[PDB]
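Visitor: Begin with these chain(s), straight out of the complex:
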Amino acid sequence: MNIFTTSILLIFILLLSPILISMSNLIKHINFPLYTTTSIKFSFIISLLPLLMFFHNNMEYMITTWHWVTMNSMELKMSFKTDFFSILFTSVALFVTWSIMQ
Amino acid sequence: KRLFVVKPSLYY
Amino acid sequence: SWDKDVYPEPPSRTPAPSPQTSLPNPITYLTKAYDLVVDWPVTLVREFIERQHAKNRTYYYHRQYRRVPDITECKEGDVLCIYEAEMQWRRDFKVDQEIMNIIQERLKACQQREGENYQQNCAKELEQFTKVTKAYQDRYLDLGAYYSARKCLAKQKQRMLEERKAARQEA
Amino acid sequence: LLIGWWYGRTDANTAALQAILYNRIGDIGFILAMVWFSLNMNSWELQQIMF
């Protein structure tokens, strides 16, 4: 309940870091393409772990991160559904995007 | 060999 | 931390590991590494922060409102009684929405934990949902955006009239 | 934005607008689904839509 979710969220954190840099003065100096490629590669490697744990036990989660707004009788949250579909597609897309970046 | 690349004023 | 009697969570009977090969599981060792490297410093930060909480500890309470005559006990035109009764009705209305939300959450969680066998093993939550939804419908539904206590009262009254006329008849 | 990466080509902006248009025609059905599920089930979550 911890490692899985930790990685599922750290993937997004990594995908975001390049964009938060793009709104900073670092982008002038650092090599941004290589930075983004490395971040994507590391996101892919991290995502490999949920994939393993699912291949093993075949458990899938429902993860509610942030409660946005409660409209009367109807709640809205940023909920994630890490099933076979989502995990496998995440890993595959991250591999392909890692390649496309180079 | 190198050439001047024309660009608008991005100072502002 | 959070009550089970409100957000019940079954005990999660877990199966034991039955390794049947010689290769190592890359998840148990990665998991020990992740524990030692992440959970320990985080747990320590948390111990420190909870200690600083224990120091200069603070309390806060839950606001209890007493009961005041409903609008039935109010007169036509008396805006004081009506104001109090209507503020109450709005309080209870918000509370009923939050109840319905609690129930929807219980239903979602049940369906998720069960999985494929959710038509079974998840009919009690669906039944509670149907029940409270029927009720909510019958006491808050067809009111407009200007819902108040008089409108709920008129709705209750027409419903009881129709039912009493379906009972008187056929007797 | 990516199709229209070269915003001098009046033939790339056309394709981008094209894609926008078709995918919004699809958004119409997506929104129809959202509305139906918000009225008949009261939740946009899948765990509650499954019933």
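Guide: Received it, and whenever you're ready, just let me know what you need. Numbering: from 1, shown residues only, chains lettered A, B, ... in the order given.
Visitor: quick one, what contacts the residue in chain C positioned nearest to chain D?
Guide: In chain C, the residue that lies nearest chain D is residue C:108 (3.8 Å; C-beta to the nearest C-beta). No exception for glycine: its C-beta is placed from N, CA and C like everyone else's. Residues near residue C:108 by C-beta atoms under 8 Å, 6 or more residues apart in numbering or on different chains: A:62, D:43, D:45, D:47, D:48.
Visitor: In which helix or strand does it reside?
Guide: Residue C:108 belongs to helix C:79-114 when assigned by DSSP states H and E.
Visitor: where's residue 42, which helix or strand?
Guide: Assuming you mean chain A. helix A:32-57.
Visitor: nope, chain C please
Guide: helix C:40-54.
Visitor: now do residue A:81
Guide: Assigned by DSSP H and E, residue A:81 belongs to strand A:74-82.
Visitor: Most distant residue from the centre of chain D?
Guide: residue D:8 (26.5 Å; C-alpha atoms, centre = their mean).
Visitor: can you tell me how far that residue sits from chain C?
Guide: Relative to chain C, residue D:8 is positioned 50 Å away (C-beta to the nearest C-beta, to the nearest Å).
Visitor: tell me the contacts of the residue in chain B that chain A sits nearest to?
Guide: For chain B and chain A, the shortest gap (C-beta to the nearest C-beta) falls at residue B:10, measuring 12.0 Å. Neighbour list for residue B:10: empty [criterion: C-beta under 8 Å, 6+ apart].
Visitor: Now stretch C:31-46 - C-alpha only, PDB.
Guide: Taking Å, rounded to 0.1, in the frame of the first residue of the first chain, the C-alpha atoms of stretch C:31-46 are listed here in PDB:
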ATOM      1  CA  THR C  31      11.300  -3.300  -0.900                       C
ATOM      2  CA  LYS C  32      13.800  -3.800   2.000                       C
ATOM      3  CA  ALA C  33      16.000  -1.300   0.300                       C
ATOM      4  CA  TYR C  34      13.100   1.200  -0.100                       C
ATOM      5  CA  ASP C  35      12.200   0.700   3.500                       C
ATOM      6  CA  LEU C  36      15.700   1.300   4.900                       C
ATOM      7  CA  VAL C  37      16.300   4.200   2.600                       C
ATOM      8  CA  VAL C  38      12.900   6.000   2.700                       C
ATOM      9  CA  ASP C  39      10.600   4.900   5.500                       C
ATOM     10  CA  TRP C  40      13.300   5.300   8.200                       C
ATOM     11  CA  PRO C  41      14.300   8.900   7.700                       C
ATOM     12  CA  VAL C  42      10.600   9.800   7.000                       C
ATOM     13  CA  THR C  43       9.500   7.900  10.100                       C
ATOM     14  CA  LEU C  44      12.200   9.900  12.100                       C
ATOM     15  CA  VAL C  45      11.000  13.200  10.700                       C
ATOM     16  CA  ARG C  46       7.500  12.200  11.700                       C
END
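Visitor: Further, place chain E onto the existing structure:
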Amino acid sequence: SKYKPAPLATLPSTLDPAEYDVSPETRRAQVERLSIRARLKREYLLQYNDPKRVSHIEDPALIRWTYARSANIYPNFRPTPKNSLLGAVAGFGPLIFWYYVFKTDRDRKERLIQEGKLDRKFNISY
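Guide: Adding chain E to what we have so far:
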């Protein structure tokens, strides 16, 4: 199977008998057009190359286009049996149609609601 033009799929001007014309009146017209166009081109380039220019180049053809599509309409509009009928339909036809649509649908609904036989199992929010 030879080409047949259409208002969108037009004629490529190579199957038009008006280009394969050596008539001197037609050629005089072409020359007059080129003269007008060159006059305007020079009048535009004498500004586009004026180094004592600090402002854009005003285009009166565009100004006329806009003045005609917005402000020259009503003065040059007179009612007619066609204008009036097209306006009447365009205004009050879709409204009538959608009115009867909504009215029928909602009467049927409210009928079922008062009667029963229509279920709203989990409608909670409307």
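Visitor: Next up, the contacts around residue 42.
Guide: Reading this off chain A. Shown in contact with residue A:42 (C-beta under 8 Å, 6+ apart): residue A:14.
Visitor: Not quite, go with chain D.
Guide: Residue D:42 is in contact with A:73, A:74, C:104, C:133, D:48, E:122, E:123, E:124, E:125, counting by C-beta under 8 Å, 6+ apart.
Visitor: which residue packs closest to it, ignoring adjacent ones?
Guide: residue E:124 (4.5 Å; C-beta to C-beta, 6 or more residues apart in numbering or on different chains).
Visitor: Skipping its backbone neighbours, what lies nearest residue E:120 in space?
Guide: Per C-beta to C-beta, 6+ apart, closest to residue E:120 is residue C:137, 7.3 Å.
Visitor: so what's the one you found up against?
Guide: With C-beta under 8 Å, 6+ apart, residue C:137 has these contacts: E:120, E:123, E:124.
Visitor: Check residue D:16 too.
Guide: D:1, D:3, D:4.
Visitor: Looking at chain D, which residue is nearest chain C?
Guide: For chain D, C-beta to the nearest C-beta, closest residue to chain C: residue D:47, 3.8 Å.
Visitor: Figure out the helix or strand that that residue lives in.
Guide: Counting by DSSP H and E, the element that carries residue D:47 is helix D:46-49.
Visitor: next one: residue C:144
Guide: Per DSSP H and E, residue C:144 falls between elements, in no helix or strand.
Visitor: What is the neighbour count of it?
Guide: The number of residues packed near residue C:144 is 8, by other C-beta atoms under 10 Å in any protein chain shown.
Visitor: cool, residue D:41 as well?
Guide: 18.
Visitor: For it, give me its contacts.
Guide: D:48, D:49, D:51, E:122.
Visitor: Kindly recompute the last result at 10 Å.
Guide: Counting by C-beta atoms under 10 Å, 6 or more residues apart in numbering or on different chains, residue D:41 touches C:104, D:48, D:49, D:50, D:51, E:121, E:122, E:123, E:124.
Visitor: ok, the third one to residue C:113 distance?
Guide: With distances taken as C-beta to C-beta, to the nearest Å, residue D:49 is found 17 Å from residue C:113.
Visitor: same check, this time on the first one
Guide: Counting by C-beta to C-beta, the gap from residue C:104 to residue C:113 is 15 Å.
Visitor: the more surrounded of these two?
Guide: A side-by-side neighbour count of residue C:104 and residue C:113, using other C-beta under 10 Å, places residue C:104 first with 25 against 15.
Visitor: any chance of the contacts of residue D:42 in TSV, with distance to residue D:24 too?
Guide: Shown next, in TSV, are these (distance: C-beta to C-beta, whole Å):
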residue	distance to residue D:24
A:73	30
A:74	25
C:104	31
C:133	34
D:48	27
E:122	30
E:123	28
E:124	30
E:125	26
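Visitor: Include this sequence as chain F:
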Amino acid sequence: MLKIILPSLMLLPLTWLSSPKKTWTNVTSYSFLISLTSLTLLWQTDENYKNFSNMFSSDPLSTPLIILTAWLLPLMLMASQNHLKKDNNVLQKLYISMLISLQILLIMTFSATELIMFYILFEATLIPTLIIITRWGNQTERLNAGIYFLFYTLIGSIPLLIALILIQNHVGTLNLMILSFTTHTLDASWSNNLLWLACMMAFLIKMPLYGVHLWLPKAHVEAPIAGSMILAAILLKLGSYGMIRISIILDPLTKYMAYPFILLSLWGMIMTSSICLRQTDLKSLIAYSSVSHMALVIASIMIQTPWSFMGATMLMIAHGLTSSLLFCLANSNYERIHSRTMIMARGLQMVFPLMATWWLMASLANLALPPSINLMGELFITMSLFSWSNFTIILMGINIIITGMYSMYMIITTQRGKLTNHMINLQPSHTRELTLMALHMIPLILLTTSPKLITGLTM
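Guide: Next up, chain F placed on what we already have:
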């Protein structure tokens, strides 16, 4: 409320008693501070609305509008500094005073417990607006625009005054707390139907409707940037606020006296969004988009469901912000070339790269890009209507399509394409107008983060 209004008054002596050079800085800064002070109204820790006196109050519906009205003043002041730079000190002070009076009267209107104060001020907001339009507009149609704007509104408002006086003579008070607890079914009759018409048509002309909307584009086109901003953002919201407040005493006549207006709104939405395609004037495009958007507010308010009121409030706030933003953006390029035609300047992404991101983000908020609050309103209104009749989504969806279409057309034919090389007068972007776009946008991000504030009384 006095703590928000009296500072807005003292702003006037601050405007006049100030040195010609420091008159803009002082007023701008103190207006920002007043926008800050207005944030206490969000301290609602209960379901008991804030009553400060027998006259001033603020519910979850009026608080967002009040904060928006207090926040738009400094933005208008800023936008109104590039023009007026060559005008005399006294004229600048008079402009600033007009804007301050508008702010004050609007805060009053939204804080009013009684409908007669609301009406007096609803009408008083015509004098400064008309003055701004006809005195600082640039073309000759100023005057016809001001005439339309005055007389549509007055011909609509007079019956409203008659109906308010009738309600007074029948009930004893025009207070909004009293008229909500002391209410009675309106017997269905032609008299009460005409009462409904009187109570509604003034606001419907101010939202506006489709059939009566010609006063808006004339004004926006012929109005200086500040007038356009305040008009679009607030002086239309005025009608929706009025309808929401006054529709409690018109029950149940709203069930069958609405079909005409729901229908006109749903159809004129399509008509106006389509106009926004074959439109040479950028300001007219923005105005017709505003009409298309307010049609949804009218329909929603007509069906009077909770989801409906909520979506209407969200769409009001978001549309105000984004339309003020789009008018600022348009006037930016106008100040360079002095033309309102969207075809002349059509490669501005090769000179103003940053200002284009503002165009992009606005046109994305104009259309419903989620999780924008411009989208949550449209979505909940669509849902309310679908519940009303499942055949509304057809028109809603074709409107969605047309909306994406003309917003993309705007930004493409304005920024993207080949640059107009003869436009040597395309000075880079001013820090001031950039701050303007930033101040219009960031609040949208923040609201999207916290939508609980702009829901309304229903939630």
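Visitor: Take the contacts of residue C:108 again, chain F included.
Guide: For residue C:108, the contact set (C-beta under 10 Å, 6+ apart) comprises A:62, A:64, A:75, A:79, C:125, D:43, D:45, D:46, D:47, D:48, D:49, D:50.
Visitor: The second one reaches residue A:79, doesn't it?
Guide: Yes - in this structure, residue A:64 sits in contact with residue A:79. The criterion is C-beta atoms under 10 Å, and the distance is 4.5 Å.
Visitor: More neighbours: which of the two?
Guide: residue A:79 (17 against 14).
Visitor: State which helix of chain F is the longest.
Guide: Among the elements of chain F assigned as helix by DSSP state H, the one spanning the most residues is helix F:306-337.
Visitor: any residue of that one up close to chain A?
Guide: Yes - against chain A, helix F:306-337 shows contacts by C-beta under 10 Å from any C-beta of the partner chain at F:306, F:307, F:310.
Visitor: Nearest to chain C among those residues?
Guide: Nearest member of the residues of helix F:306-337 next to chain A to chain C, counting by C-beta to the nearest C-beta, is residue F:306, at 4.9 Å.
Visitor: Count the residues that sit near that closest one.
Guide: Neighbours of residue F:306 (other C-beta under 10 Å): 24.
Visitor: Could you find the closest non-adjacent residue to it?
Guide: Closest to residue F:306 by C-beta to C-beta, 6+ apart is residue F:458, at 3.7 Å.
Visitor: Pretty sure that neighbour sits in a helix.
Guide: No - counting by DSSP: H, G, I helix; E, B strand; the rest coil, residue F:458 is not found in a helix; it is coil.
Visitor: The helix holding residue D:47 and chain F, any residue contact?
Guide: No - with C-beta under 10 Å from any C-beta as the criterion, chain F is not reached by helix D:46-49; the gap is at least 15.2 Å.
Visitor: quick one, which residue of chain A lies the farthest from its center?
Guide: Centroid-distance maximum for chain A: residue A:72 at 31.2 Å, with C-alpha atoms, centre = their mean.
Visitor: And that residue, how close does it get to residue C:65?
Guide: 20 Å.
Visitor: swap in residue C:101?
Guide: Residue C:101 is 21 Å from residue C:65, by C-beta to C-beta.
Visitor: Residue F:362 now?
Guide: Counting by C-beta to C-beta - residue F:362 and residue C:65 are separated by 46 Å.
Visitor: who touches the most centrally placed residue in chain F in this structure?
Guide: Nearest to the geometric centre of chain F sits residue F:233, at 2.2 Å (C-alpha atoms, centre = their mean). Counting by C-beta under 10 Å, 6+ apart, residue F:233 touches F:65, F:68-69, F:71-72, F:75-76, F:290, F:316-317, F:319-325, F:327, F:440.
Visitor: gap between the closest residue to it other than its chain neighbours and chain B?
Guide: Once flanking residues are discounted, residue F:233 sits nearest to residue F:320: 3.3 Å by C-beta to C-beta, 6+ apart. Using C-beta to the nearest C-beta, residue F:320 is found at 28 Å from chain B.
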